[PDB]
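Given as structure tokens, the chain that follows is alone and in the form deposited in one PDB entry.
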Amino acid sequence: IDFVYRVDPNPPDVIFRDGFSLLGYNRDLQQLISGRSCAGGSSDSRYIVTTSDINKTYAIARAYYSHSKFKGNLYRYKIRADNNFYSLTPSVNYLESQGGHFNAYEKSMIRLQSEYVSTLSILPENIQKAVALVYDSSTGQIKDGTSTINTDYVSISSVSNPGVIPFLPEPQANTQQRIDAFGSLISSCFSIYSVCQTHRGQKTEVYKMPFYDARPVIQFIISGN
């Protein structure tokens, strides 16, 4: 519910200077879970999606480090949730109230992905912890490396807003679309290229991700399989 953790493969001296920001203008909510505005489709999200639990961060790190093509490092960043940080649950039922169509496939990935969305650029003043996630060749499990800690954090101790996302467009009826999750049922907004990763001209050229369809997999787990 607070101090959401986001995985980015950038050294702290870059993120703590030029923090996460919006990669587009698509402010709709149905396409955020479906991964249409996050590195799989239009890729123009108005929200930056962060997990509220540490475990999904290790899930992301394991997913990215286990393809033999992710040349680079990784870093868990702790972000102090502000008023511009909305949980994904009390913004879906409301959309379902006005006529939204969020089926079980979409409804089953908010519990899986503890998604908190920021409708504003994540300024460096909110980042507190920068823990390096190293993929040691021994035992092949993600380990916390050096933990960069600096005084950029501002002591406000604000909590994520539990209301609805303002200015959210009208819900999209029907449209049973792809969900586009990567790794182990991780919604593809947590991927690096679901963010604004262009600081220099050639800053971060890492392999993006292979995104698979999640809803066949959700059908796999919910059914007797």
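Residue numbers run from 1 along the displayed sequence. Residues that one form lacks are left out of the comparison. We call the rigid core the largest set of C-alpha positions that still match within 1.5 Å between the two forms.
Missing here is the form deposited with a partner chain bound; even so, the following discussion is about that form.
Participant: My question is simply whether residue 21 lines the interface with its partner chain in the entry with it bound - judged by any non-hydrogen atom within 4.5 Å.
Facilitator: Residue 21 belongs to the contact set for its partner chain.
Participant: Even though its partner chain is not shown here, does residue 121 get within 4.5 Å of it in the entry with it bound, heavy atoms only?
Facilitator: Yes.
Participant: So in the entry with it bound, does residue 198 come within 4.5 Å of its partner chain, heavy atom to heavy atom?
Facilitator: Yes, residue 198 is a contact residue.
Participant: Please tell me whether any heavy atom belonging to residue 161 falls inside 4.5 Å of a heavy atom of its partner chain, as the geometry stands in the entry with it bound.
Facilitator: No, no contact at 4.5 Å.
Participant: Align on the rigid core first; then say whether the Cα of residue 17 has moved by at least 2 Å between this form and the one not shown.
Facilitator: No; that C-alpha moves by less than 2 Å between this form and the one not shown.
Participant: State yes or no: after fitting on the rigid core, is the Cα displacement of residue 200 between this form and the one not shown at least 2 Å?
Facilitator: After core superposition, the C-alpha of residue 200 moves 2 Å or more between this form and the one not shown.
Participant: Lining up the core, where do at least three residues in a row all have CA moves of 2 Å or more between this form and the one not shown?
Facilitator: Flagged stretch (3+ res, CA at least 2 Å): just 200-203.
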